[PDB]
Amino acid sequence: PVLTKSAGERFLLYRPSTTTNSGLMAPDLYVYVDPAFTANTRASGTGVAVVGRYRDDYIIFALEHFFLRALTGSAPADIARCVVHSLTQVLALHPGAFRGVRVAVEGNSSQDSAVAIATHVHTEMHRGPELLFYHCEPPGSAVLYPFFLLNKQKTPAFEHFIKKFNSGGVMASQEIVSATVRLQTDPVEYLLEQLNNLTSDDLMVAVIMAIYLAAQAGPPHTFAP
């Protein structure tokens, strides 16, 4: 019961309308993708979060809990198409708001598969805001790969999130985007069910890590239109 019920209820209910308060947003989007490369399993979901700064708080613009079709020949591109579709919708809902989107693809599962996802995201997004990837120089290597390795930074990320969430500093956009969590359950309600397991975690990890990335930060605001 790490996150208090009271903060959880407020997270569900009070959702700033981002499309009409764009002046309160920071001009950078942060996205984290926590991939699972299997199908026909309950822990085979890929988590995606796109978040940003709202005043000095953090707001979620989109969520995905994506399940590979079994025996596709293009799992990384299927995941990439999912994240690109999410981003696009977020971009279209807030036109001209963002100067940068920064994308982290967790590579713990497979570095090559994470790189492939980044490459497809890179290419598809090529059809304004600049797109950057988090890069990682694996131990013993001089190469900078466009994936993120989750290790020592997990405990600080979780610790900061819990403190921010409990004090009312993390919220969801009233016009939060989700293609994968729309028909069966409310995306914010679904995320909160995963979050209340703190003591399948792809969505929770993506959200907490996307926010941790945004939390290393700067000082301008999106324009007011």
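Residues carry their position along the shown sequence, with the first being 1.
A.B. asks: Between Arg127 and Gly128, count the deposited residues left without coordinates and pick a bin: none, 1 to 3, 4 to 9, 10 or more.
C.D. replies: 10 or more residues lack coordinates between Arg127 and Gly128.
A.B. asks: Unmodelled residues of the deposited sequence between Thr199 and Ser200: none, 1 to 3, 4 to 9, or 10 or more?
C.D. replies: Missing residues, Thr199 to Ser200: 10 or more.
A.B. asks: Mean C-alpha B-factor higher for 51 to 59, or for 189 to 197?
C.D. replies: Comparing 51 to 59 with 189 to 197, the higher average CA B-factor belongs to 189 to 197.
A.B. asks: Tell me which of 30 to 38 and 166 to 174 has the higher mean C-alpha B-factor in the deposited entry.
C.D. replies: Stretch with the greater average CA B-factor: 30 to 38.
A.B. asks: Going by the entry, which third of its chain does the Cα temperature factor of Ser44 land in?
C.D. replies: Its C-alpha B-factor belongs to the highest third of this chain's values.
A.B. asks: Test of reading the entry: by CA B factor among the chain's modelled residues, which third contains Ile79?
C.D. replies: Bottom third by C-alpha B-factor.
A.B. asks: For the chain shown, is the CA B-factor of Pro146 in the lowest, middle or highest third of its modelled residues?
C.D. replies: It falls in the bottom third of the chain.
A.B. asks: Would you mind ranking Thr222 by its C-alpha B-factor against the rest of the chain and naming the third, lowest, middle or highest?
C.D. replies: For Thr222, whose C-alpha B-factor we compare with every modelled residue in the chain, the answer is the highest third.
A.B. asks: Using the B-factor values recorded in the entry, state whether the Cα atom of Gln216 falls in the lowest, middle or highest third among the modelled residues of its chain.
C.D. replies: According to the entry, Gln216 has a C-alpha B-factor in the chain's highest third.
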